């Protein structure tokens, strides 16, 4: 399949771009060499946020039609963020293709596009981590607790990082 071969070329270009301009606190790549379409990502919580010191492993699955469609990303560890579904699915706009679920005119350079990258995706996840956005309530409770009882949110965030460190 030519589509898949072209997708592969693309993934290698991404992997190369990542490995040469490594991003702060992120380390991603194909889990196993036999399959370049399935990636693993270790995202460390942002330095001065409630997630600092946390180490959050995630899985990025790339479609055989990449870069025409976005990859799927989900955290392997436990999390409590307004933008992360209760089973780990990361819900940010950039991971949504034109014609999906939520929207918002303002989401132009926010929807998936062949002009994006795993760099911009990860870069965005980290940002999402530091400053949430219950405008994308993938997790009801967390969205509520963030805009209402932030007090306890920070408390739980700390437990979340501790759990991620096997404590």
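Positions refer to the first chain, counted from 1.
Original post:
Looking only at CA atoms, which has the higher mean B factor in the entry: 82-90 or 67-75?
Top reply: Looking at the recorded C-alpha B-factors, 82-90 comes out higher on average.
**OP:** On mean C-alpha B-factor from the PDB entry, just flag whether 100-108 or 135-143 is the higher one.
**Re:** Averaged over C-alpha atoms, the B-factors run higher in 100-108.
Original post:
According to the deposited entry, which of 32, 61, 117, 124 has the largest Cα B-factor?
Top reply: Of 32, 61, 117, 124, 32 has the highest C-alpha B-factor.
Original post:
What third of its chain, lowest, middle or highest, does the C-alpha temperature factor of residue 158 fall into?
Top reply: Middle third.
**OP:** Divide the modelled residues of the chain into thirds by Cα B-factor and specify which third, lowest, middle or highest, holds residue 55.
**Re:** Its C-alpha B-factor, which the entry lists for residue 55, ranks in the lowest third among residues of this chain.
**OP:** Grab the CA temperature factor for residue 44 from the record and place it in the lowest, middle or highest third of its chain.
**Re:** According to the entry, residue 44 has a C-alpha B-factor in the chain's middle third.
Original post:
What third of the chain, by the recorded C-alpha B-factor, contains residue 26?
Top reply: It belongs to the middle third of the chain when residues are ordered by C-alpha B-factor.
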